[PDB]
Each structure stands twice: as structure tokens, then as C-alpha cells.
Amino acid sequence: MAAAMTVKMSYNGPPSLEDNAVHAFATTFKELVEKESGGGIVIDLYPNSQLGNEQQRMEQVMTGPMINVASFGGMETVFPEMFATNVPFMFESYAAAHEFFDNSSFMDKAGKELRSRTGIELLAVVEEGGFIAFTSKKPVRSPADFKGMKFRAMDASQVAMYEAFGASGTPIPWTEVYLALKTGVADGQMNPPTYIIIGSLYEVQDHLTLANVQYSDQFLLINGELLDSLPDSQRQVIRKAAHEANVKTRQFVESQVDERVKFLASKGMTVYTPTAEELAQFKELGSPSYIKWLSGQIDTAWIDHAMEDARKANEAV
Ligand SMILES: [Cl-]
């Protein structure tokens, strides 16, 4: 009888079920796909960006039968339109973002476009941290404080935001962020507490700013030629399992966000929550600059459509 379908799955960070939201997602996803497909599909897990940096894994998922969990560092290479979903302060809550990423017509449209353009199918927008925070060696309270500073960027949109705040941005691969921050190349970076913990960044950063500037997510990608080659019941399994692992990983992320900040404090990290006025400054200077930069990379219709669907999601909840 025909062999079971073995499908490789690539993603960032260590295989700890306790700290890496993406590893928790993969683990649950593997179990559900195998249970639901009755052994017909087998998911082999490749943690730690083992098989390559963001751009490399994007190449791989486009050319070969596999799964990749990509960050914006990978997504920007073939689909910068997805940046439209990533405007600072776009979502007022985890519920709003879930509503947008699960139901909005933007995501239907973005999904079809990505598939026809790249041969990749988007299965889930994976929440893998709370709202993004800033780290640094010096206190950061407002955009004012960014003047003169060197920040690590994950993607070109992060570069753009730093600049708007008066700092410089430098793309550094995730696996090299600790190095960059210690050897002076960068003073700060942005991430939810999950990644600050998994990268042990508290050793080379001692200020944490809870600006909640962006929704933290990554992207479950599958080679579309693979997915389409599977019998219908196997395709639905992968899709249903992707959503089911997502709703469980969302609980994993959201219910531990306070204890993760508490943890960072106990590792010497001075934690700072911006005042309402300082937030409003982060937004009035951060959102319009972000959209102006993005307008020069993609058709603005994507921006209009994303802002509109975000407004509807914020209001629908
Ligand atoms: Cl978090």
C-alpha cells in the first residue's frame, strides 16, 4: 500500500512548548493533522530556522512540497502587500485582529493574490506573541527618545518606522539579533515578550517599553502544488487543523502575556508603560509615516481595503 505523506515543516526558535508560541502551534498542528488524517499525513518538525533564513525558506516553500512558518522578513520578499495588515495601532484588541485575519475580505483577496503570484497557499495567520514592544539599553518613552539610536529591523517596514522616529534601521536576521545587540551594531529592537525570552535578549537589553505598537503574527505557508495534489478530505484536514491549532495557540499567547513581562522584569529588565499622551504620539507619528512609506512599494488600493476592513473588525467586536 502507498506510503504515508511526509511533509517537512520549518519555523523559527527552539522546540520549547513553554516559551515558543510557534513551536506550540507546530506541535498541536502536527498532532491534529496526524490524528485527523488517520496517519495518512505525517508532519516532520524543523525548529530553529534550521533549514535557512527567512528568504531561503520562502524559496524552499515555493519550489518544493513543504510547510513554512514565515515572518514579515520572509513575506516581504514576494508579497509586501501583507504589510497593509501591519499598520501601527490598526487593531484595538486581540479579538479585532482575530476577526480581521479570519473573516475579512482583505484576507480572501490577499490570499488569492499570494497564491496566484507565488504558488504558496496561506493556511493561517499565526499569533505568536502579544502586541509588539521595544527593547533597548536606554529608556524609551516616546518617539522623541529614538533620535540618534540604532535599532535592529526584521523587515523594511520596521526600517521605515525607526527612521520616522529619528533612529536608523538595520535589517538583521532573527538568529543573529543577540550578536548584533551585544557587539554594538544595534541598540534596540522590537518584538513581543515571547521572542525577547526565547532569544534571551534580556541579557543584552535592560529596558522594555510596552507600547503595544503592532499585532504580532507569522504566516503558515504551504506549497500550493502539494496541497492541491492531496485528495479533498486531506486538504480539509490540513485547513481545519491549521485553524484549530491557531485558536489554541492564541490562548497560549494571550493568557501568559502578563507573566512573560513579569519574567522579563525578574531578569533585570526595567519595564515601562507609555502614558496615554506618549502613545498618542507613537501613533500620530508612526501610523501615517508607515502608510506613506508603504504607498511607495505597493498599490494604495491594498492600504484602503485593509484600513476599511480593520475599521469594520474593530467595530464588529
Ligand atoms: Cl508575549
# chains A, B, ... in the order shown; residues from 1 in each chain; ligands from 1
>>> closest_atom_pairs(of="segment 205-235 of chain A", to="segment 15-38 of chain A", cutoff="12 Å", atoms="only C-alpha atoms", output="Markdown table")
| residue | atom | partner | partner_atom | distance |
| --- | --- | --- | --- | --- |
| A:216 | CA | A:21 | CA | 11.0 |
| A:217 | CA | A:22 | CA | 9.6 |
| A:218 | CA | A:22 | CA | 8.5 |
| A:219 | CA | A:22 | CA | 10.1 |
| A:220 | CA | A:26 | CA | 9.6 |
| A:230 | CA | A:37 | CA | 11.4 |
| A:231 | CA | A:37 | CA | 10.9 |
| A:232 | CA | A:37 | CA | 11.3 |
| A:233 | CA | A:37 | CA | 8.2 |
| A:234 | CA | A:37 | CA | 6.4 |
| A:235 | CA | A:37 | CA | 9.6 |
>>> write_last_selection(atoms="C-alpha atoms", output="PDB file, in the first residue's frame")
ATOM      1  CA  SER A 216       2.489  40.075  16.457  1.00  0.00           C
ATOM      2  CA  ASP A 217       1.948  37.335  13.906  1.00  0.00           C
ATOM      3  CA  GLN A 218       3.613  34.967  11.451  1.00  0.00           C
ATOM      4  CA  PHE A 219       2.310  33.079   8.454  1.00  0.00           C
ATOM      5  CA  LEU A 220       1.593  29.423   7.944  1.00  0.00           C
ATOM      6  CA  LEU A 230      -3.836  15.812  -1.999  1.00  0.00           C
ATOM      7  CA  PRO A 231      -7.313  14.165  -2.016  1.00  0.00           C
ATOM      8  CA  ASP A 232     -10.097  16.521  -0.904  1.00  0.00           C
ATOM      9  CA  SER A 233     -10.501  15.057   2.603  1.00  0.00           C
ATOM     10  CA  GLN A 234      -6.744  15.503   3.214  1.00  0.00           C
ATOM     11  CA  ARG A 235      -6.879  19.143   2.109  1.00  0.00           C
TER      12      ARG A 235
END
>>> residues_around(residues="segment 46-62 of chain A", least_positions_apart="5", cutoff="6 Å", atoms="only C-alpha atoms", output="VMD selection string")
chain A and resid 9 to 14 73 to 74 223
>>> select_by_dssp(residues="segment 15-234 of chain A", states="helix (DSSP H, G or I)", output="number ranges by chain")
A: 21-36, 54-63, 72-75, 80-85, 94-103, 105-118, 143-146, 156-164, 174-182, 193-198, 201-203, 224-229, 232-234
>>> select_by_dssp(residues="segment 109-245 of chain A", states="strand (DSSP E or B)", output="ChimeraX atom specification")
/A:120-127,133-136,150-153,168-171,188-191,207-209,217-223
>>> closest_atom_pairs(of="chain A", to="ligand 1", cutoff="12 Å", atoms="only C-alpha atoms and all ligand atoms", output="Markdown table")
| residue | atom | partner | partner_atom_place_in_ligand_line | distance |
| --- | --- | --- | --- | --- |
| A:18 | CA | ligand 1 | 1 (Cl) | 11.9 |
| A:19 | CA | ligand 1 | 1 (Cl) | 9.3 |
| A:20 | CA | ligand 1 | 1 (Cl) | 9.7 |
| A:21 | CA | ligand 1 | 1 (Cl) | 8.7 |
| A:22 | CA | ligand 1 | 1 (Cl) | 11.7 |
| A:127 | CA | ligand 1 | 1 (Cl) | 9.6 |
| A:128 | CA | ligand 1 | 1 (Cl) | 7.3 |
| A:129 | CA | ligand 1 | 1 (Cl) | 3.9 |
| A:130 | CA | ligand 1 | 1 (Cl) | 4.0 |
| A:131 | CA | ligand 1 | 1 (Cl) | 7.0 |
| A:132 | CA | ligand 1 | 1 (Cl) | 8.0 |
| A:133 | CA | ligand 1 | 1 (Cl) | 9.1 |
| A:190 | CA | ligand 1 | 1 (Cl) | 11.9 |
| A:191 | CA | ligand 1 | 1 (Cl) | 8.5 |
| A:192 | CA | ligand 1 | 1 (Cl) | 4.8 |
| A:193 | CA | ligand 1 | 1 (Cl) | 4.2 |
| A:194 | CA | ligand 1 | 1 (Cl) | 4.5 |
| A:195 | CA | ligand 1 | 1 (Cl) | 7.6 |
| A:196 | CA | ligand 1 | 1 (Cl) | 8.6 |
| A:197 | CA | ligand 1 | 1 (Cl) | 8.9 |
| A:198 | CA | ligand 1 | 1 (Cl) | 10.7 |
| A:210 | CA | ligand 1 | 1 (Cl) | 10.6 |
| A:212 | CA | ligand 1 | 1 (Cl) | 10.4 |
| A:214 | CA | ligand 1 | 1 (Cl) | 11.9 |
| A:215 | CA | ligand 1 | 1 (Cl) | 10.4 |
| A:216 | CA | ligand 1 | 1 (Cl) | 8.5 |
| A:217 | CA | ligand 1 | 1 (Cl) | 10.9 |
| A:249 | CA | ligand 1 | 1 (Cl) | 11.6 |
| A:250 | CA | ligand 1 | 1 (Cl) | 10.5 |
| A:251 | CA | ligand 1 | 1 (Cl) | 11.3 |
| A:252 | CA | ligand 1 | 1 (Cl) | 9.4 |
| A:253 | CA | ligand 1 | 1 (Cl) | 6.0 |
| A:254 | CA | ligand 1 | 1 (Cl) | 7.2 |
| A:255 | CA | ligand 1 | 1 (Cl) | 9.2 |
| A:256 | CA | ligand 1 | 1 (Cl) | 7.1 |
| A:257 | CA | ligand 1 | 1 (Cl) | 4.7 |
| A:258 | CA | ligand 1 | 1 (Cl) | 8.0 |
| A:259 | CA | ligand 1 | 1 (Cl) | 8.9 |
| A:260 | CA | ligand 1 | 1 (Cl) | 6.3 |
| A:261 | CA | ligand 1 | 1 (Cl) | 7.7 |
| A:262 | CA | ligand 1 | 1 (Cl) | 10.9 |
| A:263 | CA | ligand 1 | 1 (Cl) | 10.9 |
| A:264 | CA | ligand 1 | 1 (Cl) | 10.7 |
>>> closest_residue(among="A:121, A:173, A:81, A:211", to="residue 279 of chain A", atoms="only C-alpha atoms")
A:211
>>> closest_residue(among="A:170, A:118, A:157, A:77", to="residue 63 of chain A", atoms="only C-alpha atoms")
A:118
>>> residues_around(residues="residue 123 of chain A", least_positions_apart="4", cutoff="8 Å", atoms="only C-alpha atoms", output="list in words")
residues 219, 220, 221, 222, 239, 242 and 243 of chain A
>>> write_last_selection(atoms="N, CA and C atoms", output="PDB file, in the first residue's frame")
ATOM      1  N   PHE A 219       3.176  33.566   9.521  1.00  0.00           N
ATOM      2  CA  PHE A 219       2.310  33.079   8.454  1.00  0.00           C
ATOM      3  C   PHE A 219       2.546  31.632   8.068  1.00  0.00           C
ATOM      4  N   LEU A 220       1.517  30.822   8.270  1.00  0.00           N
ATOM      5  CA  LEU A 220       1.593  29.423   7.944  1.00  0.00           C
ATOM      6  C   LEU A 220       1.445  29.271   6.451  1.00  0.00           C
ATOM      7  N   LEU A 221       2.533  28.864   5.800  1.00  0.00           N
ATOM      8  CA  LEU A 221       2.558  28.685   4.347  1.00  0.00           C
ATOM      9  C   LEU A 221       2.711  27.226   3.914  1.00  0.00           C
ATOM     10  N   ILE A 222       1.941  26.835   2.911  1.00  0.00           N
ATOM     11  CA  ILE A 222       2.140  25.529   2.298  1.00  0.00           C
ATOM     12  C   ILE A 222       2.246  25.663   0.790  1.00  0.00           C
ATOM     13  N   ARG A 239      -6.393  22.262   6.412  1.00  0.00           N
ATOM     14  CA  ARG A 239      -7.025  23.553   6.647  1.00  0.00           C
ATOM     15  C   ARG A 239      -7.712  23.630   8.005  1.00  0.00           C
ATOM     16  N   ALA A 242      -5.092  23.656  10.750  1.00  0.00           N
ATOM     17  CA  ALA A 242      -4.434  24.952  10.817  1.00  0.00           C
ATOM     18  C   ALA A 242      -5.258  25.932  11.650  1.00  0.00           C
ATOM     19  N   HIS A 243      -6.571  25.951  11.449  1.00  0.00           N
ATOM     20  CA  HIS A 243      -7.390  26.868  12.215  1.00  0.00           C
ATOM     21  C   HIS A 243      -7.473  26.450  13.679  1.00  0.00           C
TER      22      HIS A 243
END
>>> atom_distance(atom1="atom CA of residue 202 of chain A", atom2="atom CA of residue 274 of chain A")
19.7 Å
>>> residues_around(residues="segment 105-108 of chain A", least_positions_apart="5", cutoff="10 Å", atoms="only C-alpha atoms", output="compact mmCIF listing (two decimals) with N, CA, C and O atoms, in the first residue's frame")
# COMPACT_ATOMS: atom_id res chain seq x y z
N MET A 82 1.06 42.38 2.19
CA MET A 82 0.71 41.92 3.51
C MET A 82 1.07 42.95 4.60
O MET A 82 0.51 42.92 5.69
N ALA A 84 0.13 45.91 4.52
CA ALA A 84 -1.10 46.67 4.75
C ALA A 84 -1.85 46.24 6.03
O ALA A 84 -2.63 47.02 6.57
N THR A 85 -1.62 45.01 6.49
CA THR A 85 -2.29 44.48 7.68
C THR A 85 -1.54 44.78 8.97
O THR A 85 -1.93 44.34 10.04
N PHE A 100 -10.41 40.27 11.85
CA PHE A 100 -9.82 40.67 10.60
C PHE A 100 -9.10 39.51 9.90
O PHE A 100 -9.34 39.26 8.72
N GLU A 113 -4.43 36.38 -4.32
CA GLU A 113 -3.30 37.05 -4.94
C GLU A 113 -1.95 36.39 -4.64
O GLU A 113 -1.14 36.19 -5.53
N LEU A 122 -1.72 30.37 1.79
CA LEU A 122 -1.74 30.80 3.18
C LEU A 122 -2.78 30.00 3.96
O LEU A 122 -3.96 30.00 3.62
N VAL A 125 -2.91 32.88 9.79
CA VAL A 125 -2.11 33.96 10.34
C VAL A 125 -1.90 33.60 11.81
O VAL A 125 -2.83 33.66 12.61
N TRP A 302 -4.69 48.38 -1.75
CA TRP A 302 -4.44 47.42 -0.66
C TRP A 302 -4.50 48.08 0.71
O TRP A 302 -5.12 47.54 1.63
N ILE A 303 -3.86 49.23 0.84
CA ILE A 303 -3.97 50.04 2.04
C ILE A 303 -5.41 50.49 2.36
O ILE A 303 -5.86 50.29 3.48
N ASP A 304 -6.13 51.06 1.39
CA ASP A 304 -7.54 51.46 1.61
C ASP A 304 -8.39 50.28 2.07
O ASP A 304 -9.19 50.38 2.98
N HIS A 305 -8.21 49.15 1.40
CA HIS A 305 -9.01 47.97 1.68
C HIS A 305 -8.68 47.44 3.08
O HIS A 305 -9.57 47.01 3.81
N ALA A 306 -7.41 47.48 3.46
CA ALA A 306 -7.00 46.97 4.77
C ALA A 306 -7.52 47.86 5.91
O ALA A 306 -8.04 47.37 6.91
N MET A 307 -7.45 49.16 5.76
CA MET A 307 -7.91 50.08 6.72
C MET A 307 -9.37 50.02 6.91
O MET A 307 -9.84 50.25 7.99
N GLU A 308 -10.09 49.71 5.87
CA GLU A 308 -11.50 49.61 5.90
C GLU A 308 -11.98 48.35 6.57
O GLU A 308 -12.87 48.37 7.31
N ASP A 309 -11.31 47.27 6.34
CA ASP A 309 -11.64 46.02 6.93
C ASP A 309 -11.20 45.96 8.38
O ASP A 309 -11.80 45.29 9.16
N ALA A 310 -10.17 46.69 8.72
CA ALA A 310 -9.74 46.82 10.11
C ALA A 310 -10.76 47.62 10.92
O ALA A 310 -11.14 47.19 12.02
>>> atom_distance(atom1="atom CA of residue 163 of chain A", atom2="atom CA of residue 289 of chain A")
9.2 Å
>>> atom_distance(atom1="atom CA of residue 116 of chain A", atom2="atom CA of residue 65 of chain A")
16.5 Å
>>> closest_residue(among="A:156, A:316, A:67, A:172", to="residue 293 of chain A", atoms="only C-alpha atoms")
A:156
>>> residues_around(residues="residue 284 of chain A", least_positions_apart="6", cutoff="12 Å", atoms="only C-alpha atoms", output="list in words")
residues 87, 88, 89, 142, 143, 161, 164, 165, 213, 277, 278, 290 and 291 of chain A
>>> write_last_selection(atoms="N, CA, C and O atoms", output="PDB file, in the first residue's frame")
ATOM      1  N   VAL A  87      -0.155  47.982   9.951  1.00  0.00           N
ATOM      2  CA  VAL A  87      -0.062  49.390  10.326  1.00  0.00           C
ATOM      3  C   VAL A  87      -0.105  49.514  11.846  1.00  0.00           C
ATOM      4  O   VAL A  87      -0.956  48.895  12.498  1.00  0.00           O
ATOM      5  N   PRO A  88       0.824  50.294  12.414  1.00  0.00           N
ATOM      6  CA  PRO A  88       0.836  50.563  13.852  1.00  0.00           C
ATOM      7  C   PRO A  88      -0.541  50.944  14.362  1.00  0.00           C
ATOM      8  O   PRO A  88      -1.183  51.783  13.731  1.00  0.00           O
ATOM      9  N   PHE A  89      -0.990  50.297  15.444  1.00  0.00           N
ATOM     10  CA  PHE A  89      -2.261  50.616  16.110  1.00  0.00           C
ATOM     11  C   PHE A  89      -3.530  50.308  15.330  1.00  0.00           C
ATOM     12  O   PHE A  89      -4.616  50.736  15.696  1.00  0.00           O
ATOM     13  N   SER A 142       8.859  57.685  24.388  1.00  0.00           N
ATOM     14  CA  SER A 142       8.154  58.398  23.346  1.00  0.00           C
ATOM     15  C   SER A 142       9.041  58.322  22.126  1.00  0.00           C
ATOM     16  O   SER A 142      10.228  58.008  22.257  1.00  0.00           O
ATOM     17  N   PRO A 143       8.478  58.607  20.938  1.00  0.00           N
ATOM     18  CA  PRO A 143       9.283  58.671  19.713  1.00  0.00           C
ATOM     19  C   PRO A 143      10.492  59.588  19.864  1.00  0.00           C
ATOM     20  O   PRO A 143      11.541  59.257  19.331  1.00  0.00           O
ATOM     21  N   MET A 161       9.791  52.734  10.039  1.00  0.00           N
ATOM     22  CA  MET A 161       9.235  53.269  11.273  1.00  0.00           C
ATOM     23  C   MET A 161      10.297  53.908  12.182  1.00  0.00           C
ATOM     24  O   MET A 161      10.086  54.996  12.725  1.00  0.00           O
ATOM     25  N   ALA A 164      11.223  57.293  10.874  1.00  0.00           N
ATOM     26  CA  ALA A 164      10.200  58.291  11.133  1.00  0.00           C
ATOM     27  C   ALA A 164      10.301  58.826  12.552  1.00  0.00           C
ATOM     28  O   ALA A 164       9.825  59.934  12.850  1.00  0.00           O
ATOM     29  N   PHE A 165      10.911  58.027  13.427  1.00  0.00           N
ATOM     30  CA  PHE A 165      11.083  58.374  14.840  1.00  0.00           C
ATOM     31  C   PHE A 165      12.467  58.982  15.064  1.00  0.00           C
ATOM     32  O   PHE A 165      12.809  59.369  16.183  1.00  0.00           O
ATOM     33  N   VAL A 213       2.600  48.335  19.937  1.00  0.00           N
ATOM     34  CA  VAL A 213       2.583  49.091  18.692  1.00  0.00           C
ATOM     35  C   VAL A 213       1.992  48.311  17.500  1.00  0.00           C
ATOM     36  O   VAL A 213       1.373  48.881  16.604  1.00  0.00           O
ATOM     37  N   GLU A 277      -0.692  60.055  26.493  1.00  0.00           N
ATOM     38  CA  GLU A 277      -0.144  61.085  25.608  1.00  0.00           C
ATOM     39  C   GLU A 277       1.069  60.604  24.818  1.00  0.00           C
ATOM     40  O   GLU A 277       1.279  61.018  23.682  1.00  0.00           O
ATOM     41  N   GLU A 278       1.891  59.766  25.409  1.00  0.00           N
ATOM     42  CA  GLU A 278       3.040  59.239  24.738  1.00  0.00           C
ATOM     43  C   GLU A 278       2.680  58.206  23.670  1.00  0.00           C
ATOM     44  O   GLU A 278       3.314  58.156  22.684  1.00  0.00           O
ATOM     45  N   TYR A 290       4.161  55.185   8.333  1.00  0.00           N
ATOM     46  CA  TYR A 290       4.193  53.807   7.898  1.00  0.00           C
ATOM     47  C   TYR A 290       3.432  53.670   6.583  1.00  0.00           C
ATOM     48  O   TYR A 290       3.890  52.999   5.653  1.00  0.00           O
ATOM     49  N   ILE A 291       2.270  54.315   6.512  1.00  0.00           N
ATOM     50  CA  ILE A 291       1.400  54.230   5.342  1.00  0.00           C
ATOM     51  C   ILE A 291       1.998  54.982   4.139  1.00  0.00           C
ATOM     52  O   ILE A 291       1.912  54.520   2.995  1.00  0.00           O
TER      53      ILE A 291
END
